[PDB]
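Next up is one chain by itself, shown in structure tokens, the form deposited in one PDB entry.
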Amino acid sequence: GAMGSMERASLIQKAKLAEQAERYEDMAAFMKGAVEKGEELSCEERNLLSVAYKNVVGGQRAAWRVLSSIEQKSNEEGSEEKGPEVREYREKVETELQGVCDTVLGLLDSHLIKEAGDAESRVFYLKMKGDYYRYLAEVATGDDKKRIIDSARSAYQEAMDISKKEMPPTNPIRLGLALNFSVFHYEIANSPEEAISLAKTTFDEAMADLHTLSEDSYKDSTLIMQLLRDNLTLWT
């Protein structure tokens, strides 16, 4: 690792600096280096890791979607043959995206998940595992597409099972997990009814638990609840 000679604390400090500078590729590289020190991550560190790679892959996904749309248009009946270039460049971005997802999944498998025993860490990492298999599923087309989808489903399901046993319904990790698993159902699994049911049940169970919360926790939970409602409005 190019970060192997840097102190763990220095890597975390630089990840925070990279975030302020909106240098998310650097942020992800720093946080990868921190993970590879082998120690468990704190709550703040887990979120630094997630923010970094979410921003990197989010940009890749946005670019892939633009290029896929151009490619599909170039292949419609009536278009001018524009050569292999659009496909080639879409493939290049796709391969880079898959590489980032494989990197994150590799960090989770070696060895973040196996050492994560507390609900807040284990659910967080299993949600990430579901998320990065979901991004792989968004671009998958071959012999392994079904297996990628099932890997996302399985990770999300284990996270859900733990979250329902160990966290209150307003816990923001539980809410964000359900938000994303609901999107998985809608966009990946072709299961819009499951997506809607999950979002609605999650929202209602959180609503009924808000009375237990401080003002700051209320803000955290209701922000994610609004995203659930936003998706339900999109879908119904």
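One-based numbering along the sequence shown. Basically, rigid core = biggest C-alpha set you can superpose within 1.5 Å across the two forms.
ask   = Thinking of the other compared PDB entries, is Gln157 one of those residues unmodelled in at least a third of them?
value = Other entries vs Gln157: none skip it.
query = Among the other entries that model both neighbours of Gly78, does it go unmodelled in a third or more?
reply = Per the records, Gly78 goes unmodelled in at least a third of the other entries.
query = Comparing 78-86 with 135-143, which stretch shows the greater average C-alpha B-factor in the deposited entry?
reply = Higher mean C-alpha B-factor: 78-86.
query = Mean CA B-factor: is it higher for 25-33 or for 189-197?
reply = On average, C-alpha B-factors are higher across 189-197.
message = Can you tell me which of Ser69, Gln60, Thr170, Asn47 has the maximum CA B-factor listed in the PDB entry?
response = Spelled out: the listed residue with the top C-alpha B-factor is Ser69.
request  = Determine, from the deposited record, the chain-internal third of the Cα B-factor for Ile12: lowest, middle or highest.
outcome  = For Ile12, whose C-alpha B-factor we compare with every modelled residue in the chain, the answer is the lowest third.
inquiry  = Test of reading the entry: by CA B factor among the chain's modelled residues, which third contains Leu107?
reply    = According to the entry, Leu107 has a C-alpha B-factor in the chain's lowest third.
query = When the modelled residues of the chain are sorted by Cα temperature factor, does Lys73 land in the lowest, middle or highest third?
reply = For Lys73, whose C-alpha B-factor we compare with every modelled residue in the chain, the answer is the highest third.
query = Which third, lowest, middle or highest, does the CA B-factor of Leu213 fall in along this chain?
reply = CA B-factor rank for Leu213: highest third.
request  = Check where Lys127 lands among this chain's C-alpha B-factors and tell me if it's the lowest, middle or highest third.
outcome  = As the PDB entry reports it, the C-alpha B-factor of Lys127 lands in the lowest third of its chain.
Unshown form deposited in another entry; subsequent notes refer to it.
Core-aligned C-alpha movement of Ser214 between this form and the one not shown, 2 Å or more = The answer is yes; the displacement is at least 2 Å.
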